[PDB]
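The structure appears right after this line, and notes come after that.
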Amino acid sequence: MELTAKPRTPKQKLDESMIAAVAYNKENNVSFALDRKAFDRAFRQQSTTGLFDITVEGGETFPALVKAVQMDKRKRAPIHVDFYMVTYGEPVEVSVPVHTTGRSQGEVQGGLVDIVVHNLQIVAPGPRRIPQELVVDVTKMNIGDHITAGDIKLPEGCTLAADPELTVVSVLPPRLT
Amino acid sequence: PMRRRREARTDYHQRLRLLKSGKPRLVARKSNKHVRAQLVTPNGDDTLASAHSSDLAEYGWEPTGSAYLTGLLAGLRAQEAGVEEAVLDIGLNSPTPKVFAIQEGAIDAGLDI
Amino acid sequence: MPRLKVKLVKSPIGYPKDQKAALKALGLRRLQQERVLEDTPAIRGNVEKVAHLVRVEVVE
Amino acid sequence: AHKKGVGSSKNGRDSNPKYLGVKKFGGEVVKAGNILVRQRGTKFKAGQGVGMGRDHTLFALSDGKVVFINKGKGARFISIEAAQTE
Amino acid sequence: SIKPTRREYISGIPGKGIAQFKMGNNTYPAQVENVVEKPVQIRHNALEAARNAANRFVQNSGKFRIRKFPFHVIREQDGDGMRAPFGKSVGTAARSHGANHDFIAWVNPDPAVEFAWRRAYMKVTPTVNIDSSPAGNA
Amino acid sequence: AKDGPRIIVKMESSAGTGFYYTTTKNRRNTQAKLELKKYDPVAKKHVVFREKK
Amino acid sequence: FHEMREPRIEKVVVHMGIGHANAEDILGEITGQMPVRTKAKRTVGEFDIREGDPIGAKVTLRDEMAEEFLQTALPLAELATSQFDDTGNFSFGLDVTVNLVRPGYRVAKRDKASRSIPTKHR
RNA sequence: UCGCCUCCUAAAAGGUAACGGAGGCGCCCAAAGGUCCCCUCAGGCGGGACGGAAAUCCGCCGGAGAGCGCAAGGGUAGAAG
RNA sequence: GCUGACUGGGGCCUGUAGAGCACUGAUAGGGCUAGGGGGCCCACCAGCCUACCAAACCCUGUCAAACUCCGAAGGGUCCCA
RNA sequence: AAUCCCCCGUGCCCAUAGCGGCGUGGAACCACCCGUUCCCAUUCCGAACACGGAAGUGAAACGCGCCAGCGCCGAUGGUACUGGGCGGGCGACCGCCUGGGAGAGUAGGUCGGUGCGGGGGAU
């Protein structure tokens with residue numbers, strides 16, 4: 001929301017209350033603006049997972065938002081971001097995630113639990129059409145048991161920008177199995 | 001590797017072999033069907049159609065003669081041009097009796113070879 | 001042909017060799033005096049490099 | 001009457017290769033470029049190599065000496081403009 | 001920042017004998033964690049300990065993933081006196097690069113663990129920073 | 001040089017007597033008595049050179 | 001274009017190779033395309049250590065001459081199943097291996113654009 | 001421990017100690033020499049003899065990772081091979 | 001006797017710091033897998049399953065002066081000033 | 001004759017040309033082809049190299065065209081490193097001021113472009 005500025009002036013903006021991010025959208029890029037404050041609040045809600053936008057000069061209050069950053073530096077305090085928009089019926093670069101709930105099988109009985117190298121998914125279902133929250137958990141958890149890509153179980157928007165057999169989640173001995 | 005190297009058959013390089021110098025890649029280029037020869041002489045040179053089995057209709061003398069004459073010929077259109085001694089470029093093959101042929105071509109041509 | 005006038009400050013004493021060279025170069029003798037040169041980069045360079053070495057003012 | 005072990009302790013010694021003349025300088029049928037001795041010089045300049053591009057040294061006379069596979073066995077001539085009728 | 005001889009020549013290519021990388025558990029959201037900001041050839045053993053220490057205080061869920069590893073080595077005393085130094089080796093460590101992603105306590109809601117790492121923390125050797133990752137912790 | 005009764009013995013050759021000789025090092029290694037190659041005595045030019053010595 | 005897929009003789013190989021001198025002569029009489037190919041290893045499973053010995057014999061026969069053989073000898077053989085294998089090729093007897101040749105085949109020898117032989121044509 | 005060959009160290013030309021790092025040499029090869037003629041590796045995969053590591057042959061895949069007497073580094077199949 | 005350190009320009013070299021992984025050697029969570037297991041028909045069975053060790057290839061991840069597909073900071077040199 | 005299609009030899013540009021997936025072409029082209037006394041030639045057959053010729057064929061190597069899967073390339077702004085200049089910690093080290101400013105990281109890009117000639121094809 002809001003986020004402004006766009007001349008050419010880093011060092012100082014990179015100082016105070018306005019961290020700098022690039023205005024990026026296939027074909028065009030204009031001088032960063034926006035401000036570490038806003039960032040805070042919303043990236044807060046969910047950078048590269050939810051998705052809103054700004055109203056600069058009403059401009060083209062379109063979505064996408066960030067497709068590159070790093071809360072960078074040492075302090076763990078970000079500066080210099082990458083914003084991109086998609087008013088197009090092409091949205092493919094889609095990274096939102098999926099969850100479970102804690103299906104009592106390995107855990108609530110065997111202590112046993114899981115490794116979720118996954119969590120997040122980068123694919124491309126229906127453009128400007130992705131659940132701000134995708135849930136997927138056929139439960140199942142214990143012994144030397146493991147699950148991934150393939151099996152997965154995908155809803156509507158049929159993409160899968162990724163690949164079969166890989167990093168979903170598995171059960172491992174929290175102590176033993 | 002390198003383009004030509006992952007490929008093969010070639011030795012365009014012994015081509016270079018001559019590239020060093022000696023005047024012109026009087027290069028015999030062959031595809032049974034016919035043969036056609038050109039002249040690549042160092043300095044990002046060029047050529048001058050000196051010999052081809054089509055610049056004067058693909059007779060019906062087949063190899064032997066065919067090469068004999070087209071050669072002699074090239075040699076001459078060439079001297080017309082104004083060269084002197086040229087240098088043999090086995091476009092490919094082990095100077096096959098065919099090449100042999102084009103070769104005396106320059107030979108008799110006068111085309112020093 | 002902007003005409004640059006520079007005045008000498010914070011002594012070479014120790015400060016780098018070549019640098020000392022930008023000094024005799026520009027033409028730089030005793031202390032805290034001032035000299036002048038056409039914008040001409042070459043000139044311009046020797047001096048801005050030694051930078052701090054003194055003060056650079058715009059006139060003719 | 002002998003030497004020992006478990007004491008690596010072994011300096012090494014000198015050499016002195018180079019890009020002697022460097023590209024585009026008063027050319028003079030002389031040790032062209034070097035990083036490989038028993039060289040077999042070549043024509044004017046070189047530019048083939050395990051990186052791509054190519055080198056032009058605006059100076060020519062008979063020829064120079066190379067570096068076995070480093071640098072570049074010149075051959076793609078360049079006698080340079082300063083080689084026209086006096 | 002002096003370092004080892006040749007990793008196949010002084011002392012090079014081990015197993016830095018230690019105590020592996022993952023204990024703790026899963027989850028999709030809450031990043032609960034440990035990172036530091038000092039600079040040092042992190043003390044093999046030391047570390048190893050510290051770490052398994054945490055393990056010790058806990059036992060299960062709460063990603064005790066630990067992002068560190070000692071891979072080069074120190075040396076001193078073994079031969080004639082003080083002048084000409086042959087070379088006794090000890091001290092396998094790693095360059096804690098003045099702050100960075102150390103070891104995590106990752107999970108939905110298990111503060112039991114958080115505290116635990118804490119423990120592991122007080123533990124460790126060079127002050128280290130106690131923290132949260134991309135969202136907070138829950 | 002370093003007289004080594006090791007498979008390394010110095011030897012030279014003659015031009016049928018083109019007159020003198022020229023410089024070679026050799027190995028019993030293989031082929032014993034064997035030793036023929038051609039050269040150029042101050043004598044004229046070329047000539048058959050036997051190497052044994 | 002059935003005028004494709006449907007085959008045409010491309011490589012038949014007949015041989016043998018004891019760790020060992022003329023048996024290959026027997027070969028010779030049998031055919032007409034010699035095959036002096038050194039064999040290897042370094043151990044005693046047959047007293048085969050001499051790591052470097054002429055001992056592998058292989059009478060290559062594609063098409064033509066291979067026809068003389070497919071004929072003359074195909075009779076003495078007796079299985080006709082199993083010893084059939086995958087890449088469209090098979091083998092049997094005291095050292096025999098043949099290779100079918102669907103039309104994609106040849107692409108495979110090219111130093112250039114060597115299409116990794118689509119397991120759909122072969 | 002004292003001479004020489006390679007590597008790092010040299011902070012990006014070239015070049016520096018150190019009782020700093022590791023490691024090779026005081027040979028050879030009459031043919032690894034000259035040149036002309038031809039060959040295109042290891043390795044993986046699949047299929048068969050004496051063969052169940054580890055060949056032999058055949059059919060694919062291949063910035064060459066094999067290879068070069070001997071050590072390292074350079075190279076580089078267009079080949080030194 | 002304007003030829004010199006230096007500064008402006010323009011070629012043309014190095015290839016530490018950085019950074020990275022496909023060259024190499026590390027290396028950690030991990031998955032595919034087959035080598036050892038290991039429990040089951042007792043078991044030449046080479047048939048079975050599976051919770052410990054692994055090679056190898058994969059995804060997530062890391063380090064290197066004698067690793068680098070990457071690439072500055074800068075220094076070099078000829079010339080034009 | 002010295003205008004464009006096209007194929008053919010073929011040259012510069014060291015993958016924005018490689019992979020592979022479908023496809024198209026033979027009159028013209030080219031290859032594949034046919035056959036093997038003689039040239040020359042396989043450590044073994046002229047499979048490759050070969051000499052001599054239709055018919056057969058576009059299958060195969062091949063040329064443009066479509067496809068982003070791999071692959072290659074690759075910016076903006078952007079961080080580390082730093083030339084230089086000055087400040088803060090006994091500290092390993094922290095910071096600032098002034099030109100330089102890689103890779104990797106999403107756009108996104110490409111499936112050549114271009115030399116000369118020879119054959120045609122456009123009265």
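Counts of other chain beta carbons within 10 angstrom of each beta carbon in peptide D:73-84 average 1.
Report, as an integer, the average count of C-beta atoms from other chains found within 10 Å of each Cβ along E:17-28. Working shown, then result.
Numbers: counts 0, 0, 0, 0, 0, 2, 4, 3, 11, 17, 9, 11.
If you average over the peptide's residues, the count of other-chain Cβ atoms is 5.
Sorted from longest to shortest, the spans of the Cα atoms of chain C along the three principal axes equal 33, 21, 16 Å. Note on chain A: GNM, Cα springs under 10 Å; of A:164, A:91, A:125, the largest mean-square fluctuation is that of A:164. An ellipsoid equivalent to chain G, defined through the eigenvalues of its Cα gyration tensor, has semi-axes of 30, 19, 14 Å when rounded to whole angstrom and sorted largest first.
Please grab the % of Cα pairs in chain D that end up more than 16 Å from each other.
Numbers: 2066 of 3655 pairs.
Result: 57 percent of Cα pairs exceed 16 Å.
Of the three principal axes defined by the Cα atoms of chain F, the extents in descending order read 37, 22, 11 Å. The mean number of Cβ atoms from other chains found within 10 Å of a Cβ in peptide E:56-64 is 3, as a whole number.
Can you work out D for the protein assembly as shown in µm² s⁻¹ from Stokes-Einstein, where Rh is the Kirkwood radius over C-alpha pairs, the temperature is 4 °C and the viscosity is 1.567 mPa s? My calculation gives 34 µm²/s for D.
The calculated FRET efficiency for the pair residue A:4 and residue D:20, based on their C-beta separation and a Förster distance of 45 Å, comes to about 0.15.
With +1 on each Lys and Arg Cβ and -1 on each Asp and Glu Cβ, how big is the dipole of chain G about its Cα centre, in debye rounded to the nearest 20?
900 debye
Averaging the sequence gap over all C-alpha pairs within less than 8 Å and six or more residues apart, then dividing by the number of residues, gives chain C a relative contact order of 60 percent. Of the peptides C:39-50, E:36-47, the ranking by mean beta-carbon count within 10 Å, highest at the top, reads E:36-47, C:39-50. Treating r as the C-beta distance of residue A:162 and residue D:68 and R0 as 41 Å, the FRET efficiency rounds to 0.30. The modelled label-to-label distance between residue E:5 and residue E:132, using points 7 Å beyond Cα along the C-beta direction, is 5.0 nm. The calculated P(r) of region A:1-109, using every Cα pair and 10 Å bins from 0, goes 13, 43, 25, 10, 6, 2 in percent. Relative contact order, whole percent, for chain F stands at 38, derived from Cα pairs under 8 Å and 6 or more residues apart.
Applying Stokes-Einstein at 20 °C and 1.002 mPa s to the Kirkwood radius of region B:1-87, computed over alpha-carbon pairs, gives a translational diffusion coefficient of 151 µm² s⁻¹. Using a cut-off of 28 Å between alpha-carbon atoms, which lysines can reach residue E:16, once sequence neighbours fewer than 8 places away in the same chain are excluded? Excluding near neighbours in sequence, the set is E:3, E:38, E:63, E:68, E:88, E:123.
Projecting the Cα atoms of G:16, G:40, G:55 onto the charge dipole of region G:1-55, computed from C-beta unit charges around the Cα centre, puts G:40 farthest toward the positive end. Contact order for chain E, expressed relative to its length and based on alpha carbon pairs under 8 Å spaced 6+ residues apart, stands at 39 percent.
Read-outs throughout are calculated quantities, based only on the coordinates presented, and are distinct from any laboratory measurement. Heads up, the Cβs are rebuilt from the backbone with ideal geometry, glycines too, and the neighbour counts pull from every protein chain shown.
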